[PDB]
Structures are given as C-alpha cells and as structure tokens.
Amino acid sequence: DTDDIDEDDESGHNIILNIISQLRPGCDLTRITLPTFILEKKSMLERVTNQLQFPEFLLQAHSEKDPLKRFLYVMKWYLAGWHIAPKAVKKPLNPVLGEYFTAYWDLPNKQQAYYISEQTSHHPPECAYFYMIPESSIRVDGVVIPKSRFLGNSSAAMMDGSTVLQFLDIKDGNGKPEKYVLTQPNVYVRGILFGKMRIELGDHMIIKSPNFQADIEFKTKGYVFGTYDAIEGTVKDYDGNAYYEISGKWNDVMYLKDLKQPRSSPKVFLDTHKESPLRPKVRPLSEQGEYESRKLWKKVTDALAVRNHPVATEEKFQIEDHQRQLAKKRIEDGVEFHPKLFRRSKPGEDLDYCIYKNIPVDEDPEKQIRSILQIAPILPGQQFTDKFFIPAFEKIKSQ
C-alpha cells in the first residue's frame, strides 16, 4: 500500500529542500503546495475516523459504573487510534471547502455508529465532525484546526481542534450529560533537512471530565532522552490528588501505575499490537456526491496508488483551482461560504461548530437514528435531496 511506502527519494527530497529554502523558521505553510508524493490516499475528513476505530473501549467506558475507571476507559479509547496511521511520512489530503464525508460502523454488539463531517473553513482550515451511537447513549462532536508551520529542520501541524464526548444517560451534578473534553497533540515532521523524515507526536494532550482530568505529554525524542513516541502523564482530580501515571509509547505499549500503591509496577494499560481495529464502512462510490471525500478525490487517489504524480498533481490542481474560482465569485457577490451540515456555535461554547440537527438528549434512540439519517446520506441506498445543499443556518431557522 502506497500509504506505507516512503517516496522521498533524491529527486523528491530535492523538491522539498527547494521549498524549504524560501521559508523562514516560524512562518506558516498556507502559501505553498506540498508535493503529491507526501499524500496518503484519504481526505482529512476520513483520516479523523482512524481515531474512532476502537469503539469497544468507548462502550466499556459507558457501561463502567465507577467514575475513575470510566475515565480510564475514555482515555484508553482516545489514545488507541493514534497508531492507526500511514507508515510512510505522509499526510491526508486537505479537504476542499464544503467537502463532506460520512461513514458508519456495524458494532460487535449489533448497534451502529454514525459519522458525519464537513470542511467548514478554508482560510484558516477547519473541519467539523459528529459521531454517535444512539443505542448506547454515546455522542461525540469535534473539530480539527491544523495550523501549519515551518520550523527549519522541522515542520508541524499545530493542532488546535478538540473533541467533546458525552454520555447522554449519565447525568452529572447539573442533570446534564457527563461530558469529556479532549484536545490533540501536535503533529511534527523532523529530518526535513538532515537525513530521513520522521513523524513525531509532540506536546501536551488534555482530557477533562467533571471529576477527573489528565495532562499527557507526548515526549519529543532527545538528544539525551533518546527515544521516540513516548508519553508521560498523570490522572488527577481537581484537588491535586494524583491517582495514576501513564507511560509507555503511543504506538507500542502504554502502562498505568497506581500512584496509591507506589510499591507496584506499571501495569499494561493499552497494547496496540494486541487490539484489533474496526474500520468504518462507506456507501458505494456510485451513490456518493460530487464533493464527497472518496468520490471527489478519486482521480487523485487512483494516481497516488500507482505512484503517477504528474497525474495526481494535475488532478489535484483542477480540484483546487476550481475552489479558488468559487471563492472569487463569492467575494465578487459579497457572499460568504456557509456549511451545509454544521451550525456556528455561540461564544463561550466548546466547539466552533456542531451538527445543525437538534437531537434531544433524552429522545428515544430510534428517533435519534432517523434524525441522523435525515442529515445526510450515510447508509447504503440513501439519496440526496435539495435540503442537503441548503446551508445549515437556513435549516436551523426552519427547525
């Protein structure tokens, strides 16, 4: 699979050294087009679902009665997806504005999970996603907000997005659903000058719940601290009491140490080699829309799969130049882009965007499922209608 092949040969590396020579450390990469040979065959909208491929941990969390153990399972679920990634130094395609991707999972417990996402902003880039398992009262909303940076020998996507997880049938002290906020580590590429490129996850990831929190540092390989991919973090309450220390590597084995029993050794917490991922399902291509991820990028990804980069580049240009023309018209007409599927949040809320459709917390799961399926085609055989293309803000006025 080309996602796992490094195509950074001498000619290719020369192309990158070339680009690197125009930039000053600290600048962003919004002005330049990276070559196609550093692309994996997925839109960022779909790459997000890699992170959701271990729903069993989430289902366990939801069924776990003890608040602290429940927190741990959420942390386990959230950490599990990161190693599901290209083996080569490759990144997902930057989605076009209004691009959308939907997917579902048929879960071991015979329920379904549903996923809807859309690219809501181009300058600066942002996409929003929504994921729900109504039959288990589990709801997830989030956004990706990548800020690209050239740093010299390094570059990065500084990840400012976050995720909100809610257990709808577990009420907190307010009578509201138990809520977790989870942030994202930064994604670095090192060795863009000297030697071979390598991706590292980078700084701090935060997980907050009503009763517990964790701050997890994704360690950067020394010089003196010479190992890749390690994490270190503590699970605390809000009175400063530490319960567990997490350690290990996000792409190998992670361990938890019971700080209450300091004689004990760290115990296996998540072994990424032993856990089997569950991949999303997607409607057939013939059923997908013009700006639906896999269909939109199909000619690009076909060319990528056979390593035909002149074609991949040409196909990517036609798509991206088309979007440039659409953006010009908008400015000419005094109009702005408005997402189809996500409504803008009010100030002081957790996320820039949330799915537009009202899905009452205590509504029967069967009714919640029908509401979800009315938002966009997700399951095989579903159809588009004009409503889909109406902006979210117009659809919340009717609601």
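Numbering starts at 1 and runs along the sequence shown.
For the pair 294 to 302 and 178 to 186, the mean B factor over Cα atoms is greater in 294 to 302.
As the entry records it, the average C-alpha temperature factor is higher for 217 to 225, out of 309 to 317 and 217 to 225. Which of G202, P124, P266, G81 has the largest Cα B-factor in the deposited entry comes down to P266.
Considering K110, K208, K147, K90 together, the PDB entry gives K110 the largest C-alpha B factor. Among all modelled residues in its chain, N50 ranks in the lowest third by Cα B-factor. Annotation for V96: C-alpha temperature factor in the lowest third relative to the rest of the modelled chain, per the entry. Sort the chain's modelled residues by C-alpha temperature factor and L68 lands in the middle third, per the entry. Looking at the C-alpha B-factors along this chain, the one for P277 belongs to the highest third.
In this PDB entry, the Cα temperature factor of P347 sits in the middle third of its chain's modelled residues.
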